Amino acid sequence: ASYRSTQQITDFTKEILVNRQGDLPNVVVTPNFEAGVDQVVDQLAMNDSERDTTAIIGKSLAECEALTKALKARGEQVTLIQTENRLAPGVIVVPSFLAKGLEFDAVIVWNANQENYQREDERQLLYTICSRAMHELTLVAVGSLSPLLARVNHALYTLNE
């Protein structure tokens, strides 16, 4: 409640709900799972280069496990977190439900797509996940972008930059 995100992140995230300056959130829509993982690898390298500390937030444990296995096969040091606090201050992969009470410098939202975020009732979840980012926010979607994001003003983020 003391932490606040950049205006860019605040403005993008507020529009997910139907009710500090930094980079516009970047959204990248990719054709398949392996291309999504490419973008995660690339974003981690970009964030590292700007001296960010990044968390990747996946919706569910199963999706986090699939991403984790893939990222390790890209040579990443990955910690699929089981508590907020195990190993490897390199890449944290955080299921949404474990991100409670946490804020991160940079967040990569894993697979913000239609299948994963289809329902009006899921707006609160997607909002909450994105709102964990303090300074840099990236969304990667496999297939199509979540329809919940259609309402967001296109000025508030970049798409496939």
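The first residue of the shown sequence is 1; numbering continues from there.
Engineer: Going by the PDB record, how many residues of the deposited sequence fall between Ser144 and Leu145 without any coordinates: none, 1 to 3, 4 to 9, or 10 or more?
Structural biologist: The entry has no gap there; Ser144 and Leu145 are joined directly.
Engineer: Taking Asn85 and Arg86 as adjacent modelled residues, how many residues of the deposited sequence between them have no coordinates (none, 1 to 3, 4 to 9, 10 or more)?
Structural biologist: The entry leaves 1 to 3 residues without coordinates here.
Engineer: Do the CA atoms of 66-74 or those of 46-54 have the higher mean B-factor in the entry?
Structural biologist: According to the entry, 46-54 carries the higher average C-alpha B-factor.
Engineer: Mean C-alpha B factor from the entry: is it higher for 88-96 or for 105-113?
Structural biologist: Stretch with the greater average CA B-factor: 88-96.
Engineer: Mind checking which third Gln8 falls in for C-alpha B-factor across the chain?
Structural biologist: It belongs to the lowest third of the chain when residues are ordered by C-alpha B-factor.
Engineer: Against its chain's modelled residues, does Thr138's Cα B factor rank lowest, middle or highest third?
Structural biologist: Bottom third by C-alpha B-factor.
Engineer: Against its chain's modelled residues, does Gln118's Cα B factor rank lowest, middle or highest third?
Structural biologist: Answer is highest: the recorded C-alpha B-factor places it there.
Engineer: Grab the CA temperature factor for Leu17 from the record and place it in the lowest, middle or highest third of its chain.
Structural biologist: Ranked within chain, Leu17 CA B lands in the highest tercile.
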